[PDB]
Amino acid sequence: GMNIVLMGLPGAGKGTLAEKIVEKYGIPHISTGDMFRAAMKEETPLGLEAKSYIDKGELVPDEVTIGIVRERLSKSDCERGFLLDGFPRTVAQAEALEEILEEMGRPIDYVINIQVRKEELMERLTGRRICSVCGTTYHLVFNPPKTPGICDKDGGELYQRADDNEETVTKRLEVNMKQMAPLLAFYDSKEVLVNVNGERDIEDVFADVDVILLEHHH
């Protein structure tokens, strides 16, 4: 039941770590990328407009993104704790989150930053593949399918997501590296920032996060 933000550049492993943390601790995963993808699959106006930002590797504007996050954090589950992933991405979003959480009386406990050098991030994102049937994630180096091009579960054809090609990855890295040092400083000045080396086996990265949360459990 903690209030945790996972920070990291695109490809750092936030979603992968978040599944392990939700599995074990039961707090809801709040991912702005998953909320925009849900809205896009439902073909809402906001989801289709968000797609132009997502496919070009740019940030959706602050005002609409803050509004969706504010609405989701207002739900009863988030009163127990939450794992934010992908938000905040600009200092304006982080200031907005401070005002939202101040109103809720729910200060952030940790901001866990997962550090991975950009050269590794480019390989992590460009080699990801997604199942067109079930949406399961594969990685051509780190987590390959049994057979190339095909999902192990259902026979679905794998694809590269629109924003994981090298041109879009380069833009995503540029756009988020610009915001990274101001956001890290914001949270290090608040004394909630923990840096974790993400260039390791997922189980090792997870153990270094888990040992923090288990300290609170005990």
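We number the residues from 1 along the sequence you see.
- Query: Got a sec? Mean C-alpha B-factor, which is higher, 171-179 or 40-48?
  - Reply: Mean C-alpha B-factor is greater for 40-48.
- Stretch with the higher entry mean CA B-factor, where the candidates are 147-155 and 22-30: Comparing 147-155 with 22-30, the higher average CA B-factor belongs to 147-155.
- Task: In terms of CA temperature factor as recorded, identify the highest of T126, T136, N113, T90.
- Result: Most elevated C-alpha B-factor of the set, per the entry: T136.
- If you rank every modelled residue in this chain by C-alpha B factor, which third holds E191: lowest, middle or highest? Ranked within chain, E191 CA B lands in the highest tercile.
- Item | Modelled-residue ranking by C-alpha temperature factor, third containing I202 | Highest third.
- Can you work out whether the C-alpha temperature factor of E71 puts it in the lowest, middle or highest third of the chain? Tercile = highest for this residue's CA B-factor.
- Message: Quick check on the deposited entry: does the C-alpha B-factor of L213 sit in the lowest, middle or highest third of its chain?
- Response: Highest third, going by the recorded CA B-factors of the chain.
- Task: Relative to the other modelled residues of the same chain, rank the CA B-factor of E120 and answer lowest, middle or highest third.
- Result: Within its chain, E120 is a middle-third residue by C-alpha B-factor, going by the deposited values.
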